[PDB]
Amino acid sequence: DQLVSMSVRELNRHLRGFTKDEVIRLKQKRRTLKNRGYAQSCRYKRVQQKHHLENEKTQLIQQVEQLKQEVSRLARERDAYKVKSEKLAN
Amino acid sequence: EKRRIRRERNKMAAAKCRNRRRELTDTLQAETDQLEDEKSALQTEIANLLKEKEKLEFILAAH
DNA sequence: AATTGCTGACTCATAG
DNA sequence: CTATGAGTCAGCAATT
């Protein structure tokens, strides 16, 4: 946590009495811990994109279904005018 | 060796798992695209139906 | 350069 | 058994 959240500069401030193999080792551990979090964000973004698409779809299906009902209504009304215009031609 | 074999199989299973996740996202995105095509076509149809309906109504009323 | 962020693949543990 | 969750590293491209 502090090993990940510290800046390089403040980190060295604490790596004063450390060996060279030890500094390499500690910096590898910071990289590993940071990668652990990168992976978690990566995968979290994907689930959130899935959810956002699933939601968008749900809503679109709803909107489409109400547009289809407006279309049928309106095509009926138009056809009710057409029969009384075909009936006058008769 | 039963170590090696389980790894080979699991590795193949991970690969399939990743491919399947990607395909399902593609498929969902396509469905969503299809619904937007359909919605857009329905809005156009509504505007035409309104126009067609009022043309006929006004003809019948004027004559 | 070294460090950072990301994402594809491999692995272990375990869910299904 | 295989499918998945999550940690790890490989490797690229951006940043400091």
Side-chain angles (χ1 to χ4, degrees), chain A residues 1-83, chain B residues 1-57:
Chain A
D1 158 55
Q2 286 172 287
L3 180 51
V4 306
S5 75
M6 258 181 261
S7 85
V8 167
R9 189 176 291 275
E10 169 179 23
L11 203 227
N12 298 348
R13 204 160 297 145
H14 295 65
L15 268 43
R16 306 207 142 113
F18 290 69
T19 271
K20 278 190 202 147
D21 286 355
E22 288 164 354
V23 170
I24 281 160
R25 217 178 273 120
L26 178 134
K27 291 196 172 167
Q28 285 170 349
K29 178 67 179 188
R30 177 179 167 97
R31 178 54 172 174
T32 299
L33 288 165
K34 284 185 169 316
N35 277 344
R36 190 189 293 171
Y38 301 143
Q40 288 162 351
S41 298
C42 183
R43 287 153 172 170
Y44 174 82
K45 280 172 199 164
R46 287 182 196 151
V47 327
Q48 298 305 299
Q49 277 150 17
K50 193 178 181 194
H51 290 159
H52 171 84
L53 278 181
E54 282 174 3
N55 280 349
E56 174 165 356
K57 158 177 175 159
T58 287
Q59 160 174 232
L60 280 160
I61 279 169
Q62 194 160 359
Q63 290 171 349
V64 151
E65 203 52 20
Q66 270 181 316
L67 286 174
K68 277 180 161 175
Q69 293 176 342
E70 180 170 6
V71 155
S72 66
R73 208 206 75 208
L74 280 172
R76 274 180 323 220
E77 300 173 3
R78 173 202 64 192
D79 282 342
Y81 288 127
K82 294 193 73 177
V83 305
Chain B
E1 170 58 17
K2 290 152 209 158
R3 195 174 178 252
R4 186 198 64 107
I5 292 169
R6 91 134 183 85
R7 279 191 198 188
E8 298 174 343
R9 296 178 184 179
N10 183 248
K11 188 174 85 189
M12 168 169 339
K16 182 176 169 179
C17 193
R18 297 188 302 271
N19 184 66
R20 168 179 176 90
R21 173 183 44 78
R22 298 171 194 138
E23 184 169 18
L24 302 168
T25 302
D26 290 346
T27 277
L28 180 50
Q29 181 62 63
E31 286 171 339
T32 280
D33 282 1
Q34 177 187 339
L35 294 163
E36 286 155 13
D37 286 337
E38 290 168 347
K39 150 168 179 183
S40 197
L42 293 165
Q43 295 171 326
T44 291
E45 188 175 13
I46 280 159
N48 290 339
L49 280 171
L50 281 164
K51 183 188 45 152
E52 289 163 18
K53 176 176 79 145
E54 68 180 306
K55 195 176 284 142
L56 281 177
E57 175 173 31

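To find a chain, count down the sequence lines: A is the first, B the second, and so on, and within it residues start at 1. Every heavy atom of this structure was used, including side-chain atoms; hydrogens, water molecules and symmetry mates were not.
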Check whether any side-chain N or O of [X] sits under 4.0 Å from OP1 or OP2 of [N], and answer yes or no.
| X | N | value |
| --- | --- | --- |
| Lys27(A) | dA2(C) | no |
| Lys34(A) | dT3(C) | no |
| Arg30(A) | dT4(C) | yes |

Subject >> Residue pair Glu65(A) / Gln69(A), side-chain donor-acceptor N/O under 3.5 Å >> reply: no

**OP:** Using distance alone, with no hydrogens and no angle criterion, decide if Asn55(A) and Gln59(A) have a side-chain donor and acceptor under 3.5 Å apart.
**Re:**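 No, no side-chain donor-acceptor pair sits under 3.5 Å.
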
Rounded to whole Å, please give me the gap between [atom1] in [X] and [atom2] in [N].
| X | N | atom1 | atom2 | value |
| --- | --- | --- | --- | --- |
| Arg21(B) | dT7(C) | CZ | P | 11 Å |
| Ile5(B) | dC1(D) | CD1 | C1' | 14 Å |
| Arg46(A) | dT7(C) | CZ | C1' | 6 Å |
| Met12(B) | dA9(C) | CE | P | 14 Å |
| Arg7(B) | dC12(C) | CZ | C1' | 9 Å |
| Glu23(B) | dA3(D) | CD | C1' | 16 Å |
| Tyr44(A) | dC6(C) | OH | P | 14 Å |
| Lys11(B) | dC10(C) | NZ | P | 5 Å |

Side-chain heavy atoms of [X] within contact of [Y], under 4.5 Å:
| X | Y | answer |
| --- | --- | --- |
| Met12(B) | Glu8(B) | no |
| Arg25(A) | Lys20(A) | no |
| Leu26(A) | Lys29(A) | no |
| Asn48(B) | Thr44(B) | yes |

Subject >> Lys53(B)/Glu57(B) salt bridge by N-O under 4.0 Å criterion >> reply: no

Original post:
Salt bridge between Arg4(B) and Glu1(B), side-chain N to carboxylate O under 4.0 Å?
Top reply: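 The answer is yes: the pair qualifies as a salt bridge.
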
**OP:** Treat a base pair as Watson-Crick or G-U wobble with both distances under 3.5 Å, then lay out DNA chain D in dot-bracket form, 5' to 3', with | for cross-strand pairs.
**Re:** |||||||||||||||.

Under 3.5 Å, side-chain donor or acceptor atoms of residues 9-16 of chain A against the rest of the protein: list the pairs with distances, not counting sequence neighbours.
| residue | atom | partner | partner atom | Å |
| --- | --- | --- | --- | --- |
| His14(A) | ND1 | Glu10(A) | O | 2.6 |
| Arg16(A) | NH1 | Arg13(A) | O | 3.0 |

At a cut-off of 3.5 Å, list every protein nitrogen or oxygen paired with a nitrogen or oxygen from nucleotides 4-9 of chain D, distance to 0.1 Å.
| residue | atom | partner | partner atom | Å |
| --- | --- | --- | --- | --- |
| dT4(D) | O4 | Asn10(B) | ND2 | 2.9 |
| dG7(D) | OP2 | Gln40(A) | NE2 | 2.9 |
| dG7(D) | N7 | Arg43(A) | NH1 | 2.9 |
| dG7(D) | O6 | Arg43(A) | NH2 | 2.8 |
| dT8(D) | OP1 | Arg36(A) | NH2 | 3.3 |
| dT8(D) | OP2 | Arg36(A) | NE | 3.0 |
| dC9(D) | OP2 | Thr32(A) | OG1 | 2.9 |

Subject >> Contacts of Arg3(B) that satisfy salt bridge (charged side-chain N to carboxylate O under 4.0 Å, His left out) - sequence neighbours left out >> reply: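 Once residues adjacent in sequence are excluded, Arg3(B) has no partner under the salt bridge (charged side-chain N to carboxylate O under 4.0 Å, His left out) criterion.
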
Subject >> DNA chain C contacts among residues 3-24 of chain A, heavy-atom distance under 4.0 Å >> reply: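 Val8(A) - these, ordered by number, are the residues of the stretch whose heavy atoms sit under 4.0 Å from the strand.
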
**OP:** Not counting sequence neighbours, which residues clear side-chain hydrogen bond (donor to acceptor under 3.5 Å, both in side chains) with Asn35(A)? List them please.
**Re:** none

